[PDB]
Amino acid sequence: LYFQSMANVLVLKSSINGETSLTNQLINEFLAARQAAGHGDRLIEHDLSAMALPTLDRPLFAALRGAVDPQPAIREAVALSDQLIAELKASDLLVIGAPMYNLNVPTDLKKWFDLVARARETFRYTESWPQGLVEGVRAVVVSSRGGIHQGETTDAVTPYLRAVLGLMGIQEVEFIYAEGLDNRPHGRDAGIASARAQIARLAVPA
């Protein structure tokens, strides 16, 4: 009963800071607090940073659209696409590290979305909109920002993620912000306290 009842989590980390990654701490902190709240988690973890994912190009896009391409590295990248999508569809809760870099998410997070946001697989075209094919999936996006000191003049990261997740049917998405982390002298602390409070409220729902 307990082991079958367990929720399945998919956990993407995109930071380039490695062991010092504040978004990676906070994911672990979030996941631990879910345990603390009586949730058993079955994690599939991807350090997208270390996977050397391919950029989306003309042939990869074609192949991914349904064409038989034979080149080895493309077929290898398509195999990875179908893998990441199987992993995603199987999962119950999606957790993503998305620190803001030059006002966008980091390249490796973007590349994940480029392989996974696929027609016929995670969405099908309608007369009007596209219909999302990922079902039973909620998201929790952990996002940090240094703020005004790093030129945070807008948050394009957030609505981008809401929209690219919504494309594939991931309609419910919660955010965990650590904002203003370069503000001297209490910025980091306050950001981290704010995120921990978001974590604590957010670890509960199941």
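Throughout, we count residues from 1 along the sequence that is shown.
Stretches 155-163 and 133-141 differ in mean CA B factor, with 133-141 having the higher one. For the segment pair 113-121 and 95-103, the entry gives 113-121 the higher mean B-factor, averaged over Cα atoms. Taking the PDB entry at face value, the top CA B factor among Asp69, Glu179, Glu29, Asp47 belongs to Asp69. Per-chain ranking of the deposited C-alpha B factor places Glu76 in the highest third. In this PDB entry, the Cα temperature factor of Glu127 sits in the top third of its chain's modelled residues, the highest group.
In the PDB entry, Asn183 places in the highest third of its chain by CA B-factor.
Placement of the Cα temperature factor of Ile148 within the chain: lowest third of the modelled residues, per the deposited record.
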